[PDB]
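Engineer:
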Amino acid sequence: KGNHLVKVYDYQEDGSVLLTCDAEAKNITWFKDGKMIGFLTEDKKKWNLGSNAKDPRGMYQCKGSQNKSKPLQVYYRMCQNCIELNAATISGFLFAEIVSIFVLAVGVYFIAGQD
Amino acid sequence: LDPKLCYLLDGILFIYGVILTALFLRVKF
Amino acid sequence: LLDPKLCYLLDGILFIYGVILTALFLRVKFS
Amino acid sequence: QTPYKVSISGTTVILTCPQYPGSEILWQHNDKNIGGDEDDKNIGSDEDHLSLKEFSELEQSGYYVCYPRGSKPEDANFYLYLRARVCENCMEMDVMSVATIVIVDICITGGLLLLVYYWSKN
Amino acid sequence: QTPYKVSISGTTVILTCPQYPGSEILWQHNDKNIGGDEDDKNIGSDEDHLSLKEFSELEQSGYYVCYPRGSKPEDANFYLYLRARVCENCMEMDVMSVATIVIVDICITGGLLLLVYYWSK
Amino acid sequence: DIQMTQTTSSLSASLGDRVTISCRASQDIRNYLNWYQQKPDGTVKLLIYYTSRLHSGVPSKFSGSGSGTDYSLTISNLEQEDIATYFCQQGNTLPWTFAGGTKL
Amino acid sequence: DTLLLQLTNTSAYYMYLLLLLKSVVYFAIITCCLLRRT
Amino acid sequence: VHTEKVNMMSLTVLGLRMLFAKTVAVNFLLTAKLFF
Amino acid sequence: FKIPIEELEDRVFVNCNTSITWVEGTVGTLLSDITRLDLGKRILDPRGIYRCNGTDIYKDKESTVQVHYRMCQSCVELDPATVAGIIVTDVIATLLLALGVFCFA
Amino acid sequence: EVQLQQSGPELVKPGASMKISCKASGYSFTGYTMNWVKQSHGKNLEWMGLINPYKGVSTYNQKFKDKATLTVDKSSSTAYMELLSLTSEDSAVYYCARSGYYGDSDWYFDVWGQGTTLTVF
Ligand SMILES: CC(C)CCC[C@@H](C)[C@H]1CC[C@H]2[C@@H]3CC=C4C[C@@H](O)CC[C@]4(C)[C@H]3CC[C@]12C
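Residue numbers (the authors' numbering), protein chains in the order written: chain g, 26 to 140; chain b, 27 to 55; chain a, 26 to 56; chain f, 33 to 154; chain e, 33 to 153; chain A, 1 to 104; chain n, 251 to 288; chain m, 254 to 289; chain d, 22 to 126; chain B, 1 to 121.
1. Note down the Cα distance separating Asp35/g from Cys49/f, rounded to an integer number of angstroms.
2. Is the region 43 to 62 of chain A touching the region 71 to 80 of chain A, taking contact as three or more C-beta pairs under 8 Å?
3. What are the residues that DSSP puts in a beta bridge with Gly76/e?
4. So what's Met125/e in DSSP terms, helix, strand or just coil?
5. If we ignore side chains and look at the alpha-carbon of each, how far apart do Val97/d and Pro100/f end up?
6. From this set, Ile2/A, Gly16/A, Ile29/A, which residue's C-alpha is nearest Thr69/A's C-alpha?
7. Decide if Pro101/d is buried, meaning its Cβ has at least 16 other Cβ atoms within 10 Å, or exposed.
8. Below 7 Å on C-beta distance, what does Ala78/g contact in chain m?
9. For a contact defined as C-beta to C-beta under 8 Å, what are the partners of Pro105/f on chain B?
10. Measure the C-alpha to C-alpha separation of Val279/m and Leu118/d and round it to an integer number of angstroms.
11. Closest by CA to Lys57/g, which one among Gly132/g, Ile108/g, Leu74/g?
12. Please report the distance separating the alpha-carbon of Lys95/g from that of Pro105/f.
13. Taking the runs of the beta strand (DSSP E) that are 3 residues or longer, which of them lie wholly in the region 17 to 77 of chain A?
14. Along chain m, which residues have their Cβ under 7 Å away from the Cβ of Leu46/b?
15. DSSP three-state call for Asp82/A: helix, strand or coil?
16. Under 7 Å, do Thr45/g and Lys71/g count as touching if we go by C-beta distance?
17. Among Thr69/B, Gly113/B, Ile20/B, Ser99/B, which residue has its Cα nearest to the Cα of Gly31/B?
18. For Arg32/d, tell me which candidate among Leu51/d, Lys62/d, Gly46/d has the shortest Cα-Cα distance.
19. Please state if the CB of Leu118/B and the CB of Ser91/B are separated by a distance shorter than 7 Å.
20. Count Cβ pairs between the region 96 to 104 of chain g and the region 127 to 134 of chain g that sit closer than 8 Å; are there 3 or more?
21. Mind the definition here: the region 106 to 123 of chain f touches the region 46 to 54 of chain a only if three or more C-beta pairs lie below 8 Å; say whether that holds.
22. Would you report the Cα separation of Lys69/g and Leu147/e, rounded to the nearest angstrom?
23. Helix, strand or coil for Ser125/g, going by three-state DSSP, please let me know.
24. With a cut-off of 7 Å, does the C-beta of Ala121/g fall near any C-beta of chain n?
25. For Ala48/g versus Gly89/g, is the C-beta spacing smaller than 7 Å?
26. Are the CB atoms of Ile138/f and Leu284/n within a distance shorter than 7 Å?
27. Any heavy atom of ligand 1 within a distance shorter than 6 Å of the CB on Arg115/f?
28. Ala48/b: beta carbon under 6 Å from a heavy atom of ligand 1?
29. Does any residue of chain f have a CB that is nearer than 7 Å to the CB of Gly31/B?
30. List the residues of chain m whose Cβ lies closer than 7 Å to the Cβ of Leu51/b, in chain order.
31. Which residues does DSSP list as the beta-bridge partners of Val38/e?
32. Less than 6 Å separating the Cβ of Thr284/m from some heavy atom of ligand 1?
33. So what does DSSP say about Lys275/m, is it helix, strand or coil?
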């Protein structure tokens, strides 16, 4: 085993990542970056972090009566704020930029001329 | 492509609207 | 998914505004 | 203590083990061995990195472990769970990146608008 | 014969059993007793309704049945089947609803426009 | 390191007898021990690994047992080809360390 | 194919947000001058 | 694939289109007054 | 004795001793053979209510099922901060344009 | 079949450098770890270090880090040990032992070579 009790079991249909601790004990307390931000587990052991779109990170320990578990890295790059910088997108972005500046420049030239 | 077509023609139609409204303001009042 | 037909609604409203503007301008001159 | 350093650009994912300093480094994914001459996809492990090519969300994702040569696969410090989507060239917007673009665009807009203002004034 | 009425607002899901309104009712889920004993706050059986929170698809999604207190539960006559991804702060919208929303927004805009224009004159 | 020792440097047994060879470890080595057989002419081969699993081509005559810090190879009936030097090697921690070996 | 919709949609979100800031900037330039005149 | 967030990503885009059109309109109106 | 609903890749089915009857809910794609009736795509949100009688193994009983299914592909996570921001900015922009027309007079 | 062939006796004058060749054949040479062991003091077996043929890296026993430098010729399917500052305590039989590439199969030597008897005088 190697004392790597912490495991992850997620399901695709319901978007959420869940921490399952392979500890045969009750009132297991959780951790994050070596600090206690984990409630003691009664009945259901599956810790909840949230949705995968939130991109959870950090160390997650699992401490019970028997010392504590080994850390597990959770790294999520679930692209929510990712854009595609393909050929079309750069051209469209620059074109929108240029038309905006062109219109604003025409308006500013007119105000400068009048006032 | 279809959303990009939408956005492109929104840009073109916006520029058309501003241009023609500018001309109307020049013309009628 | 609502699909980008929603984006076409802005298209519709601004299109009717543009066409009524064109008709009004072509009423003010020419015609 | 030191977490994995994973740098993701494009469709290739590179992750680093800055915990075992000066020994040969091997890799295991989903308790299955990856790296080391395997002809599939040419995932070529190098001195302290593992470079995946055309990363697949469903085929290549799970627990990644980094054990030094002379240590059993179960004796490494900690596993890593990597669940990412890749594109052809998508780049993320962090808070600092978005702040940078907001600042630079408002600056260039104001500057060019005022330059045209001044030029038209005279 | 009277259909069930279920309320979905956020993660919390509410099931109402109107076929036995006068008599006090206790709910069962997949032929086993569920709720009504005040065991946990997540599952709560009201005088006529079943208050269920943190609903999930993998469990608590199954066959639901309501039977009156003091009656035979095995000779249950009515059964519900429930399956959904009930999701936090989630709602249903369609193209008609958003179109209606933007239309009424433009309508109020025109209303303020007419108000201020007529006041100006 | 981990000093790997054997109870006897040499032992004698008659033909057809079941013979055992003991190997000790300075620390627990998590059954990561392999037994090696060296013919007197110089060629050497691997008999068993992980203290119980035989190696492809080695006859089922050779069986290993034990756990913790005491390990043993229990040869079945002794043929004339079975006379050799047997070595036990750790696999727990670097560097790998062999033992003195037993002449059967 | 659904992913491509997400990419173009968020790119559109950023682009229109930028256009909104440009509108605010032009608004500021116009309001300063119109308040100065009147 | 989570299409679920994509719907309100599109909805927020549409709200941005609301505000972009309205801002264009108000800037145009202010310019029209200033020139008249 | 409760009616078993089996889920296919995109379809569901209803099994019972007699012909699957419809009283309320969605009718679905009716099939002539007994114990087999599918309601089409599951995302379509089937909400049918089906009456039936006892089976040969389970006699003298009646299991009437509201198969209630909420497979929403148009669901939206209304984010209060984003929605509230959109509403307030829309209101302030509308009022700015309204005062522009006011000063237009 | 799998087989490792080594060099010959090669008596060496003290103070020189002596290159031992282990020619691997019958298998994918780039995929299997190669180790080197020494049989001196009569029958005592010791370990020097293992060289990963595909990458060319080496990990050494602390005793022999200044005594051996290992190279690999991937084209000719050979492994080389460079024995420098060859004193009289270096005279022994040297084996090249194959083992699995990864951490689960590198701690046992499945295939052994014949051995080269180095005599230093
Ligand atoms: C979209 C914004 C940023 C820019 C649009 C520019 C508009 C507002 C500009 C472009 C052309 C301009 C017009 C050009 C000429 C005249 C004729 C003059 O006798 C009265 C003002 C009037 C009618 C101007 C009003 C402002 C105007 C309509």
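Beta carbons: idealized from backbone N, C-alpha and C, even for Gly.
Structural biologist: Answer, in terms of the structure:
1. As a first step, residue 35/g must be located in the first sequence, where it is residue number 10. As a first step, residue 49/f must be located in the fourth sequence, where it is residue number 17. Spanning the two alpha carbons is a distance of roughly 26 Å.
2. Contact holds: three or more Cβ-Cβ distances are below 8 Å.
3. Here residue 76/e is taken as the residue at index 44 of the fifth sequence, counted from 1. DSSP links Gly76/e through a beta bridge to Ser83/e.
4. Here residue 125/e refers to the residue found at position 93 when the fifth sequence is read from its first residue. Annotated three-state conformation of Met125/e is coil, per DSSP.
5. Residue mapping note: residue 97/d aligns to position 76 of the ninth sequence, counting from 1. Residue mapping note: residue 100/f aligns to position 68 of the fourth sequence, counting from 1. Near 47 Å, if we compare the C-alpha coordinates of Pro100/f and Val97/d.
6. Within the sixth sequence, the letter at position 69 stands for residue 69/A. The candidate whose alpha carbon is nearest that of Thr69/A is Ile29/A.
7. Walking along the ninth sequence from the start, residue 101/d turns up at place 80. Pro101/d is exposed by the Cβ-count criterion.
8. Here the question's residue 78/g lines up with position 53 in the first sequence. Result: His255, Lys258.
9. Within the fourth sequence, numbered from 1, the residue matching residue 105/f stands at position 73. Neighbours of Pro105/f on chain B, chain order: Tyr102, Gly103, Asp104.
10. One-based indexing of the eighth sequence puts residue 279/m at position 26. One-based indexing of the ninth sequence puts residue 118/d at position 97. In this model, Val279/m and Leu118/d are separated by some 5 Å (Cα to Cα).
11. As a first step, residue 57/g must be located in the first sequence, where it is residue number 32. For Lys57/g, the nearest C-alpha among the options comes from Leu74/g.
12. Here residue 95/g is taken as the residue at index 70 of the first sequence, counted from 1. Here residue 105/f is taken as the residue at index 73 of the fourth sequence, counted from 1. Those two C-alpha atoms are separated by around 14 Å.
13. The qualifying runs are 19 to 25, 34 to 38, 44 to 49, 62 to 67, 70 to 75.
14. Residue 46/b sits at position 20 when you count from the first residue of the second sequence. In chain order: nothing, as chain m lies at least about 12 Å away.
15. Translated into positions along the sixth sequence, residue 82/A becomes position 82. Helix at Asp82/A.
16. Residue mapping note: residue 45/g aligns to position 20 of the first sequence, counting from 1. Residue mapping note: residue 71/g aligns to position 46 of the first sequence, counting from 1. By the CB criterion at 7 Å, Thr45/g and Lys71/g fall inside the cutoff.
17. What you label residue 31/B is simply residue 31 of the tenth sequence in a count that begins at 1. Checked all of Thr69/B, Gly113/B, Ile20/B, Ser99/B; the closest Cα to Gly31/B is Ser99/B.
18. The residue you call residue 32/d lines up with position 11 of the ninth sequence. Put simply, of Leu51/d, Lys62/d, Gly46/d the residue whose alpha carbon is nearest the alpha carbon of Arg32/d is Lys62/d.
19. One-based indexing of the tenth sequence puts residue 91/B at position 91. One-based indexing of the tenth sequence puts residue 118/B at position 118. Their beta carbons are under 7 Å apart, which means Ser91/B touches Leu118/B by this criterion.
20. Short answer: they don't touch.
21. Too few Cβ pairs lie closer than 8 Å, so no.
22. Walking along the first sequence from the start, residue 69/g turns up at place 44. Walking along the fifth sequence from the start, residue 147/e turns up at place 115. Approximately 60 Å, taken between the alpha carbons.
23. Residue numbering aside, residue 125/g sits at position 100 when the first sequence is read from its first letter. Correct three-state label for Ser125/g: helix.
24. Numbered from 1 along the first sequence, position 96 holds the residue referred to as residue 121/g. Put simply, the CB of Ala121/g is near chain n, with a gap under 7 Å to one of its CB atoms.
25. Here the question's residue 48/g lines up with position 23 in the first sequence. Here the question's residue 89/g lines up with position 64 in the first sequence. For the 7 Å CB-CB criterion, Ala48/g and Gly89/g form a contact.
26. Numbered from its first residue, the seventh sequence carries residue 284/n at position 34. Numbered from its first residue, the fourth sequence carries residue 138/f at position 106. Not in contact: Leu284/n and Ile138/f (Cβ atoms no closer than 7 Å).
27. One-based indexing of the fourth sequence puts residue 115/f at position 83. Within the chosen limit of 6 Å, ligand 1 does not reach the beta carbon of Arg115/f with any heavy atom.
28. Numbered from 1 along the second sequence, position 22 holds the residue referred to as residue 48/b. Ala48/b Cβ: within cutoff of ligand 1.
29. Here residue 31/B corresponds to residue number 31 of the tenth sequence, with the count starting at 1. It does: the Cβ of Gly31/B has a partner Cβ on chain f nearer than 7 Å.
30. The sequence position of residue 51/b within the second sequence is 25, counting from 1. By Cβ distance, chain m contributes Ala285.
31. The residue labelled residue 38/e in the question sits at position 6 within the fifth sequence. DSSP, once it has assigned bridges, lists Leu47/e as partnering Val38/e.
32. Numbered from 1 along the eighth sequence, position 31 holds the residue referred to as residue 284/m. Because some heavy atom of ligand 1 lies under 6 Å away, the Cβ of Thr284/m counts as near it: yes.
33. Numbered from 1 along the eighth sequence, position 22 holds the residue referred to as residue 275/m. The answer is helix: DSSP assigns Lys275/m an H, G or I state.
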